[PDB]
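K.L.:
This is the structure I want to talk about, given as structure tokens.
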There are 2 protein chains.
Amino acid sequence: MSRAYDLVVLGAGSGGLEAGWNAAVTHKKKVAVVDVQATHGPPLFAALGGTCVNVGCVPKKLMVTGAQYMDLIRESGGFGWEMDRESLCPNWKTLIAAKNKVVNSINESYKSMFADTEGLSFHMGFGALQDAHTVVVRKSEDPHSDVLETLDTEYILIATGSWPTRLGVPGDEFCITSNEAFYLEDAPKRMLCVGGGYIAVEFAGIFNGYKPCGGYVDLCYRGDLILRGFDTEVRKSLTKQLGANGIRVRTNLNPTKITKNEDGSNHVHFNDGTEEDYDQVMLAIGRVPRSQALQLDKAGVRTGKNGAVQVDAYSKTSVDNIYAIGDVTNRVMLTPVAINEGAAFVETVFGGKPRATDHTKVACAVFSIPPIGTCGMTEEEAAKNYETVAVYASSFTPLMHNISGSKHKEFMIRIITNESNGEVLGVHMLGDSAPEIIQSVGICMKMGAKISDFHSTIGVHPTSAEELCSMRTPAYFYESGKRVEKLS
Amino acid sequence: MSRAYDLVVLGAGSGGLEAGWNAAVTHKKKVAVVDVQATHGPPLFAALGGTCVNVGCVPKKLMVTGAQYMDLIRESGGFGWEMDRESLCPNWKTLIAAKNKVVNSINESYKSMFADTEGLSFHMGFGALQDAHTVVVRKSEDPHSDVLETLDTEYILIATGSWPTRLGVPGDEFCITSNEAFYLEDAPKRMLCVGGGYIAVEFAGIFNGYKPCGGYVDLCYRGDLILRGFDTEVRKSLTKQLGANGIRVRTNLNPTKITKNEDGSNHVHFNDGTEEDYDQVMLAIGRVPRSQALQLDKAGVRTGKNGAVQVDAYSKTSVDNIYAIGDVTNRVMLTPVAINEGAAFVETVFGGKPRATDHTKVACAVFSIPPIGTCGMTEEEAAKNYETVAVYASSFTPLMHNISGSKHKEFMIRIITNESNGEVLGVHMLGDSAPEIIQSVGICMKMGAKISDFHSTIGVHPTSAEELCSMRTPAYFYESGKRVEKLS
Ligand SMILES: Cc1cc2nc3c(=O)[nH]c(=O)nc-3n(C[C@H](O)[C@H](O)[C@H](O)COP(=O)(O)OP(=O)(O)OC[C@H]3O[C@@H](n4cnc5c(N)ncnc54)[C@H](O)[C@@H]3O)c2cc1C
Ligand SMILES: Cc1cc2nc3c(=O)[nH]c(=O)nc-3n(C[C@H](O)[C@H](O)[C@H](O)COP(=O)(O)OP(=O)(O)OC[C@H]3O[C@@H](n4cnc5c(N)ncnc54)[C@H](O)[C@@H]3O)c2cc1C
Ligand SMILES: NC(=O)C1=CN([C@@H]2O[C@H](COP(=O)(O)OP(=O)(O)OC[C@H]3O[C@@H](n4cnc5c(N)ncnc54)[C@H](OP(=O)(O)O)[C@@H]3O)[C@@H](O)[C@H]2O)C=CC1
Ligand SMILES: NC(=O)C1=CN([C@@H]2O[C@H](COP(=O)(O)OP(=O)(O)OC[C@H]3O[C@@H](n4cnc5c(N)ncnc54)[C@H](OP(=O)(O)O)[C@@H]3O)[C@@H](O)[C@H]2O)C=CC1
Ligand SMILES: CC(=O)OC[C@H]1O[C@@H](S)[C@H](OC(C)=O)[C@@H](OC(C)=O)[C@@H]1OC(C)=O
Ligand SMILES: CC(=O)OC[C@H]1O[C@@H](S)[C@H](OC(C)=O)[C@@H](OC(C)=O)[C@@H]1OC(C)=O
Ligand SMILES: [Au+]
Ligand SMILES: [Au+]
Ligand SMILES: [Cl-]
Ligand SMILES: [Cl-]
């Protein structure tokens, strides 16, 4: 035994890298980190850093911040900020230009992390399994390419994450995804986002901000309400608010056929049976784990829900030394989760003392033109398996939007409790500054929190978050199944 | 006894009104709410609403929001928002114009409250005490003027709040205050705010945003560091950042003589001995309780430190039926505190079950050009009477300012724990979205929270608040009163 490296991690993921680093620094165990490429890039999108660092949270938040200005610039007019708002649109190129330079820069600190750190080592290629202790490195995903390295390790961590799901439709390959969206030469005039998940709604916002003068953004979705799995009142108020911001939402609609045109712009055949014309078309269908190529089969690693890696709560797979974290497992697909998954794994096997990642009560956010922030349970799901549930609601129009002209920017809070307990089971927020608020909310919730905590804390009185403490009288109840304002 | 009015409240304060409204609605007791005037007013500044509804938190924040846009307009350019950069300045008039129409509107919904609510009654004039059950109403503060109404009550509540503290100096009456600041006909070019308190810093920001082209805002302060009583590191970083935003701060400097000029502009004599010219000069020296005029002497209400009303923990005074809340008591000068104070008082006497306002660990905020949010103890005060105390720090440049060209806008978090306990005793924050964050933080600290509770909560990962859960290693220790790193 006594193998070449202690850990081979497939993928320099938000969690991959977190795992690798900690093992090599806090434990000195030699780590080899495999990944596809040096810096973020259009040929093969996800690089050293993660589907989050390179083509996710970083460039996303940047672009959403850029798109936010559009509203903000119009808004300041009411604040006596007079300027020529005559048909003023943004320059897409200068944004990506300055985006690339910031991401590129991040990949530069990463390279220079490996140079500085010992135990750690970056290996560029496409990693695959040979068996229990051998990781092969090839120059193509194609398993008949050149063998580049062959790494002999104690433990294997799989953090290859997730990938855009296409839809089985003629013309599919004319559609761009979250990946390609980022590196578009030019801003789309006629824009069609396709889907109802995070990426759909968030990107809907961006292109809407960065539409060239006169452009539009339609949003289509298979079902009747966007963002399945959110406070069904938050979902509605956002769909309305996207409207008021210029994004034409479209429920119970799906394309079936796509064909390219004379000037290159894309033509679309819909469910209702219409034909429309769009420069671009993006698909936010979802994300399948990236495990097709890994040959888990040849090492006996459990592959189920379209390739999701079977793991236990300590991230251990069907073999006792190979592990997987983040999107490839397909439980909770977020950056700070895989980060936690990676640190848990580090402490579990190298840290001596085990620890399991707590998936219950994780606060997350949606970065749409008005941002959403939830933590915990929906009404639907709390009344599902809880006996008596109270629902508190409160929706107010921030004092600044009377002047700004955006009287449609209703900020919204929803709290879901256990009537038997007082226990806060879910909190849902829509409006500006929500993703910040919710983060501390989830500190209270994973701590175990009761509404009799929430309201009995003195406020910070010119803010939005202070309205959490103003909720005593419930809006209505859910009695073992059905809404009611019950008695006896 | 069967006295006419159950409760007379002197002053429709944020707390006064709250207490008034509560008694009348939840307990149906007849309440009469005396106050000076109808809507927010440039002759007698406060009104039906409170010193923060009328000449505080509302008009303040609107203006701060307005001033904020200056940065945001410059910043957007780096996001491809090309415009007429050409030294365009704000229009002060259209701001106050929209400000009044928004405040003025709030008082219109207040008059309509009184018309609609039963037991409640607004009485206009300057209130005073005759004895323990008799409130007199005069048309002037002058106790020699006309007797307007004489009100017979079971209970009296003093909620007259606070007033600008002037400085005993020649030229004093040439200065404007927080009150007069709001109604200035025109935007000041040559601006001097005086002092280093909440008001000073926040208003420094506003005029700095709302300076005409070429204008400058100087800040002077008696001592050597602004904002006595905040995390001594936060204070520094803010004093720096104000510099970067264009406000020339000045320490150990104090005016001595002010004289009015030929063109109207005001001339100033300083401590260092210089002479400088300013269009305006604001004094943020503080706020003494407004109890001089009340005639407590007659009714036997205890009057001590600058007239502040002596009260017990249940807000009760020297007499068994006269109460005082808010800024007049001088315990904790905030809107949501007096609200809580009033709310508790209502329960204390009319609500049957007494209850005391919890002054320990109240989160508050400062609405400066970068906003501050703190809750709990300073660095110095924990090491004062706590055995062994840890300090965690973290200062990061939010990912967006790499593009916005505001590389000076450092976000800051400081957590202060009880090393023995692990208990979070104080959290301090500087940066955009701070005040929103801090609010829920304070829900954690009246709940009792540990740094273990903090970091072990999963994050919301593109945000600023999530860096609360990124703090495991202390920066340095305070062992029984000294900056230290270990025990031996
Ligand atoms: C557009 C977008 C925006 C997002 N925004 C947010 C957000 O704001 N907040 C948030 O919390 N989450 C966000 N996420 C989710 C987040 O990106 C993921 O949940 C998280 O990054 C998963 O990380 P991971 O540890 O599984 O590995 P990943 O971060 O997904 O990285 C996987 C790595 O493995 C590499 N790899 C793939 N195949 C191989 C192989 N053949 N051999 C070697 N290496 C390989 C890839 O190149 C990549 O570098 C976003 C996702 C997307 C797509
Ligand atoms: C510029 C400024 C900005 C502020 N911003 C904030 C903020 O952002 N957030 C925050 O939490 N706090 C803020 N405050 C503090 C806040 O104003 C107070 O803490 C709070 O409003 C005090 O309320 P109160 O209950 O004591 O009564 P007040 O709100 O002070 O109301 C007192 C009322 O009594 C009336 N009155 C006075 N004398 C008499 C008498 N002769 N007879 C009858 N009536 C009388 C007055 O007209 C007034 O309407 C700010 C204060 C100022 C000055
Ligand atoms: N925290 C953050 O800010 C972000 C996190 N992420 C993470 O990455 C993941 C990326 O997945 P994402 O692409 O956003 O989508 P999701 O996984 O959120 O869901 C897919 C959406 O598209 C709809 N859909 C699915 N299949 C089809 C189809 N064949 N035809 C039409 N519509 C279909 C689904 O409808 P239905 O309800 O019927 O299934 C659903 O509403 C997210 O789930 C999240 O975990 C991504 C972006 C931002
Ligand atoms: N929550 C919010 O957003 C706001 C809350 N408020 C509340 O209302 C109160 C208003 O008081 P504020 O005016 O802001 O200031 P403060 O009452 O907080 O303190 C006064 C400041 O001015 C300095 N000072 C005092 N006297 C003199 C003098 N004679 N000459 C020169 N300098 C002097 C003091 O220095 P030193 O430190 O040496 O004593 C101190 O820095 C605050 O205490 C706060 O509770 C006010 C505004 C906003
Ligand atoms: C009449 C009306 O619609 O309310 C508008 C605002 O009035 C002021 S008193 C407060 O402003 C702020 C920013 O705190 C807040 O009031 C409360 C309810 O405390 C309301 O805003 C908010 C946070 O709801
Ligand atoms: C070394 C550096 O300063 O930047 C690294 C950034 O990497 C990305 S992964 C994160 O971005 C964001 C905005 O969440 C955040 O990472 C962490 C530390 O969680 C850092 O951003 C920042 C400063 O917050
Ligand atoms: Au991220
Ligand atoms: Au207020
Ligand atoms: Cl990341
Ligand atoms: Cl208020």
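Chains: A, B, ... in order of the structure tokens. Residues: from 1 per chain. Ligands: from 1, in order shown.
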Residues up to 8 Å from ligand 10, counting only C-alpha atoms and all ligand atoms: could you list those as a short mmCIF file (atom, residue, chain, number, x, y, z; two decimals) with C-alpha atoms, in the first residue's frame?
P.N.:
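And here is the file that came out, result.cif:
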data_model
loop_
_atom_site.label_atom_id
_atom_site.label_comp_id
_atom_site.auth_asym_id
_atom_site.auth_seq_id
_atom_site.Cartn_x
_atom_site.Cartn_y
_atom_site.Cartn_z
CA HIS A 461 -36.41 51.07 12.99
CA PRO A 462 -35.82 52.24 9.53
CA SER B 14 -43.53 56.92 18.19
CA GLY B 49 -46.36 61.17 14.69
CA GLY B 50 -43.08 61.58 16.57
CA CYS B 52 -38.70 60.34 14.01
CA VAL B 53 -41.89 60.07 11.93
CA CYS B 57 -36.10 58.25 10.57
CA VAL B 58 -38.55 58.84 7.67
CA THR B 335 -37.87 54.51 17.88
#
K.L.:
Can you pull out every residue with an atom within 12 Å of ligand 7? Use only C-alpha atoms and all ligand atoms and format it as a VMD selection string.
P.N.:
(chain A and resid 13 to 15 49 to 62 103 333 to 339 364 to 365) or (chain B and resid 399 459 to 464 466)
K.L.:
Report as a list in words the set of chain A residues whose atoms approach chain B to within 6 Å, with distances computed over only C-alpha atoms.
P.N.:
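The contacting residues on chain A are residues 66, 79, 80, 81, 90, 91, 94, 95, 336, 364, 400, 436, 437, 439, 440, 443, 457, 459, 460, 461 and 465 of chain A.
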K.L.:
Write a file of the just-selected residues containing C-alpha atoms, as an mmCIF file, in the first residue's frame.
P.N.:
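Below is the file again24.cif, written as the result:
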data_model
loop_
_atom_site.group_PDB
_atom_site.id
_atom_site.type_symbol
_atom_site.label_atom_id
_atom_site.label_comp_id
_atom_site.auth_asym_id
_atom_site.auth_seq_id
_atom_site.Cartn_x
_atom_site.Cartn_y
_atom_site.Cartn_z
ATOM 1 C CA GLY A 66 -25.458 45.270 -13.546
ATOM 2 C CA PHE A 79 -35.045 61.747 -6.212
ATOM 3 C CA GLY A 80 -34.132 64.836 -8.264
ATOM 4 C CA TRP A 81 -31.391 63.057 -10.136
ATOM 5 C CA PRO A 90 -26.500 49.359 -21.463
ATOM 6 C CA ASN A 91 -23.396 48.117 -23.284
ATOM 7 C CA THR A 94 -18.173 46.363 -21.438
ATOM 8 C CA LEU A 95 -19.959 44.173 -18.863
ATOM 9 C CA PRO A 336 -22.154 26.350 0.618
ATOM 10 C CA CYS A 364 -30.952 29.873 0.259
ATOM 11 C CA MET A 400 -38.662 54.899 -0.623
ATOM 12 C CA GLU A 436 -28.985 38.999 3.318
ATOM 13 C CA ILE A 437 -31.773 38.911 5.895
ATOM 14 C CA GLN A 439 -28.949 34.169 6.172
ATOM 15 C CA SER A 440 -29.266 35.134 9.823
ATOM 16 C CA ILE A 443 -28.981 30.800 12.070
ATOM 17 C CA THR A 457 -36.855 41.177 19.962
ATOM 18 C CA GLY A 459 -36.341 46.329 16.172
ATOM 19 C CA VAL A 460 -33.933 48.406 14.080
ATOM 20 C CA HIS A 461 -36.410 51.066 12.988
ATOM 21 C CA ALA A 465 -35.907 43.075 8.434
#
K.L.:
Residues of segment 44-230 of chain B classed as alpha helix (DSSP H) by DSSP on the backbone are to be reported as a ChimeraX atom specification.
P.N.:
/B:57-76,92-116,178-181,198-209
K.L.:
What is the atom CA of residue 314 of chain A-atom CA of residue 301 of chain A distance in Å, reported with one decimal?
P.N.:
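That distance, rounded to one decimal, is 15.5 Å.
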K.L.:
Please identify every polymer residue within 9 Å of ligand 3, using only C-alpha atoms and all ligand atoms, and present the set as a VMD selection string.
P.N.:
(chain A and resid 52 56 to 57 60 to 61 162 to 168 177 to 178 194 to 203 220 to 229 253 to 255 283 to 288 327 332 to 335 364 to 368 372) or (chain B and resid 460 to 462)
K.L.:
Run DSSP on the backbone and tell me which residues of segment 224-459 of chain A come out as strand (DSSP E); list them as a CSV table (one decimal) with N, CA, C and O atoms, in the first residue's frame.
P.N.:
chain,number,residue,atom,x,y,z
A,247,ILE,N,-40.8,41.7,-18.2
A,247,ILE,CA,-40.7,40.4,-18.6
A,247,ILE,C,-42.0,39.7,-18.8
A,247,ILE,O,-42.7,39.5,-17.9
A,248,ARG,N,-42.3,39.3,-20.1
A,248,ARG,CA,-43.5,38.7,-20.4
A,248,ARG,C,-43.5,37.2,-20.0
A,248,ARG,O,-42.9,36.4,-20.7
A,249,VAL,N,-44.1,36.9,-18.9
A,249,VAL,CA,-44.2,35.5,-18.4
A,249,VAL,C,-45.2,34.8,-19.2
A,249,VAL,O,-46.1,35.4,-19.8
A,250,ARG,N,-45.1,33.5,-19.2
A,250,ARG,CA,-46.0,32.6,-20.1
A,250,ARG,C,-46.1,31.2,-19.5
A,250,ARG,O,-45.2,30.4,-19.6
A,255,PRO,N,-42.0,24.9,-26.0
A,255,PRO,CA,-41.7,24.7,-27.4
A,255,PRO,C,-41.6,23.3,-27.8
A,255,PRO,O,-41.3,22.4,-27.0
A,256,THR,N,-41.8,23.0,-29.1
A,256,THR,CA,-41.8,21.6,-29.7
A,256,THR,C,-40.8,21.5,-30.8
A,256,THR,O,-40.3,20.4,-31.1
A,257,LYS,N,-40.6,22.6,-31.5
A,257,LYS,CA,-39.8,22.6,-32.7
A,257,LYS,C,-39.1,23.9,-32.9
A,257,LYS,O,-39.7,25.0,-32.6
A,258,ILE,N,-37.8,23.9,-33.2
A,258,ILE,CA,-37.0,25.1,-33.4
A,258,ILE,C,-36.2,25.0,-34.7
A,258,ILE,O,-35.6,23.9,-35.0
A,259,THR,N,-36.2,26.0,-35.5
A,259,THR,CA,-35.5,26.1,-36.8
A,259,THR,C,-34.8,27.4,-36.9
A,259,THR,O,-35.4,28.5,-36.5
A,260,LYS,N,-33.6,27.5,-37.5
A,260,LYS,CA,-32.8,28.7,-37.6
A,260,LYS,C,-33.2,29.4,-38.9
A,260,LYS,O,-33.6,28.8,-39.9
A,266,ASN,N,-33.5,32.8,-34.3
A,266,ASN,CA,-34.2,31.5,-34.1
A,266,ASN,C,-35.7,31.5,-34.1
A,266,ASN,O,-36.3,32.4,-33.5
A,267,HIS,N,-36.3,30.6,-34.9
A,267,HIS,CA,-37.8,30.5,-35.0
A,267,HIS,C,-38.3,29.3,-34.1
A,267,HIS,O,-37.7,28.3,-33.9
A,268,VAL,N,-39.4,29.6,-33.4
A,268,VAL,CA,-39.9,28.7,-32.3
A,268,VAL,C,-41.4,28.3,-32.5
A,268,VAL,O,-42.3,29.1,-32.7
A,269,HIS,N,-41.6,26.9,-32.4
A,269,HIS,CA,-43.0,26.3,-32.4
A,269,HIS,C,-43.4,25.9,-31.0
A,269,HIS,O,-42.8,25.1,-30.4
A,270,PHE,N,-44.5,26.6,-30.6
A,270,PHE,CA,-45.0,26.4,-29.2
A,270,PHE,C,-46.1,25.4,-29.0
A,270,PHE,O,-46.7,24.9,-29.9
A,275,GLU,N,-46.0,30.6,-33.6
A,275,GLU,CA,-44.7,30.7,-34.1
A,275,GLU,C,-44.1,32.1,-33.7
A,275,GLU,O,-44.8,33.1,-34.0
A,276,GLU,N,-43.0,32.1,-33.1
A,276,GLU,CA,-42.4,33.4,-32.7
A,276,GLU,C,-40.9,33.5,-33.1
A,276,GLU,O,-40.2,32.5,-33.3
A,277,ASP,N,-40.4,34.7,-33.1
A,277,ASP,CA,-39.0,34.9,-33.5
A,277,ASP,C,-38.1,35.5,-32.4
A,277,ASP,O,-38.5,36.6,-31.8
A,278,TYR,N,-37.0,34.8,-32.1
A,278,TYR,CA,-36.1,35.2,-31.0
A,278,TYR,C,-34.6,35.1,-31.5
A,278,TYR,O,-34.2,34.1,-32.1
A,280,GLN,N,-32.1,34.7,-29.4
A,280,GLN,CA,-31.5,33.6,-28.6
A,280,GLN,C,-32.6,32.9,-27.8
A,280,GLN,O,-33.7,33.4,-27.7
A,281,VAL,N,-32.3,31.7,-27.4
A,281,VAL,CA,-33.2,30.9,-26.6
A,281,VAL,C,-32.4,30.0,-25.6
A,281,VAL,O,-31.6,29.2,-26.0
A,282,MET,N,-32.7,30.3,-24.3
A,282,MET,CA,-31.9,29.6,-23.2
A,282,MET,C,-32.8,28.6,-22.5
A,282,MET,O,-34.0,28.8,-22.4
A,283,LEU,N,-32.2,27.5,-22.1
A,283,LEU,CA,-32.9,26.4,-21.5
A,283,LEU,C,-32.5,26.2,-20.0
A,283,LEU,O,-31.4,25.7,-19.7
A,284,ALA,N,-33.5,26.5,-19.1
A,284,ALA,CA,-33.2,26.3,-17.7
A,284,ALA,C,-34.1,25.1,-17.2
A,284,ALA,O,-34.9,25.2,-16.3
A,287,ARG,N,-30.5,20.3,-13.9
A,287,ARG,CA,-29.1,19.9,-13.9
A,287,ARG,C,-29.0,18.4,-13.5
A,287,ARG,O,-29.2,18.0,-12.3
A,288,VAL,N,-28.6,17.5,-14.5
A,288,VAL,CA,-28.2,16.2,-14.2
A,288,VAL,C,-26.8,16.1,-13.7
A,288,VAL,O,-25.9,16.8,-14.1
A,289,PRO,N,-26.5,15.2,-12.6
A,289,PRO,CA,-25.1,15.1,-12.2
A,289,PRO,C,-24.2,14.7,-13.3
A,289,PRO,O,-24.6,14.1,-14.3
A,322,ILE,N,-14.3,5.5,-1.7
A,322,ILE,CA,-14.7,6.5,-2.7
A,322,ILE,C,-15.9,7.3,-2.2
A,322,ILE,O,-16.9,6.8,-1.7
A,323,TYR,N,-15.7,8.6,-2.3
A,323,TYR,CA,-16.8,9.6,-1.8
A,323,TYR,C,-17.2,10.5,-2.8
A,323,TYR,O,-16.5,10.7,-3.8
A,324,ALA,N,-18.4,11.1,-2.7
A,324,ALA,CA,-19.0,12.1,-3.6
A,324,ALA,C,-19.7,13.2,-2.9
A,324,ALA,O,-20.4,12.9,-1.9
A,364,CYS,N,-31.5,29.5,1.6
A,364,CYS,CA,-31.0,29.9,0.3
A,364,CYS,C,-31.6,31.1,-0.4
A,364,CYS,O,-32.6,31.6,0.2
A,365,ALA,N,-31.2,31.5,-1.5
A,365,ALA,CA,-31.7,32.7,-2.2
A,365,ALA,C,-31.9,32.5,-3.7
A,365,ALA,O,-31.2,31.7,-4.3
A,366,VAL,N,-32.8,33.3,-4.3
A,366,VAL,CA,-32.9,33.4,-5.7
A,366,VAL,C,-32.6,34.8,-6.1
A,366,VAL,O,-33.2,35.8,-5.6
A,372,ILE,N,-35.5,36.7,-3.9
A,372,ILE,CA,-36.2,35.9,-3.0
A,372,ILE,C,-35.2,35.3,-1.9
A,372,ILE,O,-34.1,34.9,-2.3
A,373,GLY,N,-35.7,35.1,-0.7
A,373,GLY,CA,-34.9,34.4,0.3
A,373,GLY,C,-35.8,33.6,1.2
A,373,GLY,O,-36.6,34.1,2.0
A,374,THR,N,-35.6,32.2,1.2
A,374,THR,CA,-36.4,31.3,2.0
A,374,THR,C,-35.5,30.4,2.9
A,374,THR,O,-34.3,30.2,2.6
A,375,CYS,N,-36.1,29.9,4.0
A,375,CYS,CA,-35.5,28.9,4.8
A,375,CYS,C,-36.5,28.1,5.5
A,375,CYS,O,-37.4,28.6,6.2
A,376,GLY,N,-36.5,26.8,5.2
A,376,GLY,CA,-37.4,25.8,5.9
A,376,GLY,C,-38.6,25.4,5.0
A,376,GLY,O,-38.3,25.0,3.8
A,388,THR,N,-51.2,20.9,13.8
A,388,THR,CA,-51.7,22.3,13.8
A,388,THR,C,-50.6,23.3,13.4
A,388,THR,O,-49.5,23.3,14.0
A,389,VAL,N,-50.8,24.0,12.3
A,389,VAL,CA,-49.9,25.0,11.8
A,389,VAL,C,-50.5,26.4,11.6
A,389,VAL,O,-51.5,26.6,11.0
A,390,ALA,N,-49.8,27.4,12.2
A,390,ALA,CA,-50.1,28.8,12.1
A,390,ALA,C,-49.3,29.4,10.9
A,390,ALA,O,-48.2,29.0,10.6
A,391,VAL,N,-50.0,30.3,10.1
A,391,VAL,CA,-49.4,31.0,9.0
A,391,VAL,C,-49.5,32.5,9.3
A,391,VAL,O,-50.6,33.0,9.5
A,392,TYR,N,-48.3,33.2,9.4
A,392,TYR,CA,-48.2,34.6,9.5
A,392,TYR,C,-47.7,35.3,8.2
A,392,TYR,O,-46.8,34.8,7.6
A,393,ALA,N,-48.4,36.4,7.8
A,393,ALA,CA,-48.0,37.1,6.6
A,393,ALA,C,-48.0,38.6,6.9
A,393,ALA,O,-48.7,39.1,7.8
A,394,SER,N,-47.3,39.3,6.1
A,394,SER,CA,-47.2,40.7,6.2
A,394,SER,C,-46.5,41.2,4.9
A,394,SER,O,-45.4,40.7,4.5
A,395,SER,N,-47.1,42.2,4.2
A,395,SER,CA,-46.6,42.7,3.0
A,395,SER,C,-46.7,44.2,3.0
A,395,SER,O,-47.8,44.7,3.2
A,396,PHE,N,-45.6,44.9,2.9
A,396,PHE,CA,-45.6,46.4,3.0
A,396,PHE,C,-44.8,47.0,1.8
A,396,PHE,O,-43.9,46.3,1.3
A,411,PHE,N,-42.3,44.5,-0.8
A,411,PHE,CA,-41.5,43.6,-0.1
A,411,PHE,C,-42.4,42.7,0.7
A,411,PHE,O,-43.4,43.2,1.3
A,412,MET,N,-42.1,41.4,0.8
A,412,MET,CA,-43.0,40.4,1.4
A,412,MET,C,-42.3,39.4,2.4
A,412,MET,O,-41.3,38.8,2.0
A,413,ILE,N,-42.9,39.2,3.5
A,413,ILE,CA,-42.4,38.2,4.5
A,413,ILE,C,-43.6,37.2,4.8
A,413,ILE,O,-44.7,37.6,4.9
A,414,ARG,N,-43.2,35.9,4.9
A,414,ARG,CA,-44.2,34.9,5.3
A,414,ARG,C,-43.5,34.0,6.3
A,414,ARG,O,-42.4,33.5,6.1
A,415,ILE,N,-44.1,33.8,7.5
A,415,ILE,CA,-43.6,32.9,8.5
A,415,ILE,C,-44.6,31.8,8.8
A,415,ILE,O,-45.8,32.0,8.9
A,416,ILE,N,-44.0,30.6,8.8
A,416,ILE,CA,-44.8,29.3,9.0
A,416,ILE,C,-44.4,28.7,10.3
A,416,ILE,O,-43.2,28.3,10.5
A,417,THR,N,-45.4,28.5,11.2
A,417,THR,CA,-45.1,28.0,12.6
A,417,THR,C,-45.9,26.7,12.9
A,417,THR,O,-46.7,26.3,12.2
A,418,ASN,N,-45.4,26.1,14.0
A,418,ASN,CA,-46.1,24.9,14.6
A,418,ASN,C,-47.0,25.4,15.7
A,418,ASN,O,-46.5,25.8,16.8
A,424,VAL,N,-40.8,27.9,14.8
A,424,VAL,CA,-40.7,28.5,13.4
A,424,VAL,C,-40.1,27.4,12.4
A,424,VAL,O,-39.0,27.0,12.5
A,425,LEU,N,-41.0,27.0,11.5
A,425,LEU,CA,-40.7,25.9,10.6
A,425,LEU,C,-40.3,26.4,9.2
A,425,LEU,O,-39.6,25.7,8.5
A,426,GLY,N,-40.7,27.6,8.9
A,426,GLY,CA,-40.3,28.2,7.6
A,426,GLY,C,-40.5,29.7,7.5
A,426,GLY,O,-41.5,30.2,8.1
A,427,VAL,N,-39.6,30.4,6.9
A,427,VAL,CA,-39.7,31.8,6.7
A,427,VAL,C,-39.4,32.1,5.2
A,427,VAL,O,-38.4,31.7,4.7
A,428,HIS,N,-40.2,32.9,4.6
A,428,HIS,CA,-40.1,33.2,3.1
A,428,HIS,C,-40.1,34.7,2.9
A,428,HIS,O,-41.0,35.4,3.3
A,429,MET,N,-39.2,35.2,2.1
A,429,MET,CA,-39.1,36.6,1.9
A,429,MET,C,-38.9,37.0,0.4
A,429,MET,O,-38.0,36.4,-0.3
A,430,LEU,N,-39.6,38.0,-0.1
A,430,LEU,CA,-39.5,38.5,-1.4
A,430,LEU,C,-39.3,40.0,-1.3
A,430,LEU,O,-40.0,40.7,-0.6
K.L.:
Give me the residues near segment 143-151 of chain B as a ChimeraX atom specification, where near means some atom within 10 Å (using only C-alpha atoms) and where sequence neighbours in that chain fewer than 5 positions away do not count.
P.N.:
/B:3-5,7-8,32,34,123-128,130,133-138,293-295
K.L.:
Save the residues we just selected, C-alpha atoms, as a short mmCIF file (atom, residue, chain, number, x, y, z; two decimals), in the first residue's frame?
P.N.:
data_model
loop_
_atom_site.label_atom_id
_atom_site.label_comp_id
_atom_site.auth_asym_id
_atom_site.auth_seq_id
_atom_site.Cartn_x
_atom_site.Cartn_y
_atom_site.Cartn_z
CA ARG B 3 -61.91 60.49 36.21
CA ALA B 4 -62.72 61.73 32.69
CA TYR B 5 -59.86 60.33 30.55
CA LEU B 7 -54.82 58.18 29.95
CA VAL B 8 -53.42 61.47 28.87
CA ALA B 32 -56.40 61.71 24.89
CA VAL B 34 -51.90 65.90 23.29
CA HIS B 123 -55.54 67.55 21.54
CA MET B 124 -53.47 70.33 19.96
CA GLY B 125 -51.27 72.57 22.11
CA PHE B 126 -48.41 72.42 24.61
CA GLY B 127 -49.19 70.14 27.55
CA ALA B 128 -48.13 70.68 31.19
CA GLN B 130 -51.16 70.80 37.21
CA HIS B 133 -54.52 63.78 37.48
CA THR B 134 -54.83 67.11 35.69
CA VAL B 135 -53.15 67.84 32.35
CA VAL B 136 -53.48 71.41 31.15
CA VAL B 137 -53.24 72.36 27.48
CA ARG B 138 -51.77 75.79 26.53
CA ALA B 293 -41.50 73.14 29.83
CA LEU B 294 -43.51 70.28 31.37
CA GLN B 295 -43.66 71.68 34.92
#
